[PDB]
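There is one chain below, alone, in structure tokens, taken in the form deposited in one PDB entry.
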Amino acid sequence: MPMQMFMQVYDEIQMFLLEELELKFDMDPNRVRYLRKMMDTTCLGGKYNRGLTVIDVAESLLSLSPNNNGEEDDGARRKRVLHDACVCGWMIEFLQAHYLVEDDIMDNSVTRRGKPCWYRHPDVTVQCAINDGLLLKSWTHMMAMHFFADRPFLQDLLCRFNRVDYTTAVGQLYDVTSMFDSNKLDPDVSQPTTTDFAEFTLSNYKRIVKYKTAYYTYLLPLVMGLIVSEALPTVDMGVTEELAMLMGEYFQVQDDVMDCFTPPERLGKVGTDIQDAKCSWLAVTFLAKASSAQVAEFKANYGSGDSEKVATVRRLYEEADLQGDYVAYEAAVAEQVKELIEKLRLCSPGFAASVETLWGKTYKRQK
């Protein structure tokens, strides 16, 4: 049902944008075609994990103190909240859409969702792809304003949205600057490659992971479900914030691990985090426990497309039982996520349940 609703509003959103563009922007049907296909391609074919969350949260806070006016329960709020909930859901989805479009270019990925990255479609330049990206972020604003201009929460909605928008970009700077020694970090300064791997620290890792994934993936969807429910003050931001960060860091680590050990047929993307010399969890988790010996062979094999290097990089990781360190991680995270969510239930049992469902879609995660 929720995906039923959710998808109904997708079609609604797509129609407004596309039609707005042609009635008020002077756009030919051709380009509209392009934009219509761009949107579909980058915005559909996913989990709708973030989108679906906002809805579940919304519809879950609905029951308790349903806004509270003068009426003996009215299903006009139930309906007005889950349309809003749906729009916010899509605001999140177009937002990630934008970042993934820009990310693949950046990470130079060649595929995603079993299909080529947007910027790798035969009929798409990268120049156009970079702006298709911008377009996706702008869509989120046209749609928020188009459907929320009469909502008293619009100011708060969009302020929290853009902060998280900003937070994810900070995260991407941390991400993208994790291969070059900070002290050198200087535009005017000739291309410092990725010599020594200091700053490939768990400390350093947690921080890029937090801002680049946790917030737009776990905090933002919950927060936005609160807001369209007018139940934001209803809930402990501290606990909530603590779970999102937790859940959000465990989720990235997962894609970091799935990146190395899951088959692309399952994954979609062809794992290259190695080759890209990415600061993945395996990477930092390895170097902190790897003998002096082990750490050398890593340094000589990491960040390379050589068919015999990566494989060796998959060996040291195997060797070192990184595969085991994960499970331990996974369980610690699991313990605290459950202690945290319990603190929630007390005061916020309605809310606390949709976090659990969110935890349900994360714990599994094998894709």
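For clarity, a rigid core is taken as the largest C-alpha set superposing within 1.5 Å between two forms. When you see a residue number, it is the position in the sequence shown, counting from 1.
Unshown form solved in complex with a small molecule; subsequent notes refer to it.
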{"query": "Residues 47, 218 and 358 all lining the small molecule in the deposited bound form, heavy atom within 4.5 Å", "finding": "yes"}
{"query": "Residue stretch of 147-155, 210-218, 74-82, 287-295 approaching the small molecule in the deposited bound form, non-hydrogen atom distance within 4.5 Å", "finding": "210-218"}
{"query": "Any non-hydrogen atom of residue 251 within 4.5 angstroms of the small molecule in the deposited bound form", "finding": "yes"}
{"query": "Large Cα shift (2 Å or above) at residue 33 between the shown form and the other one, core-fitted", "finding": "yes"}
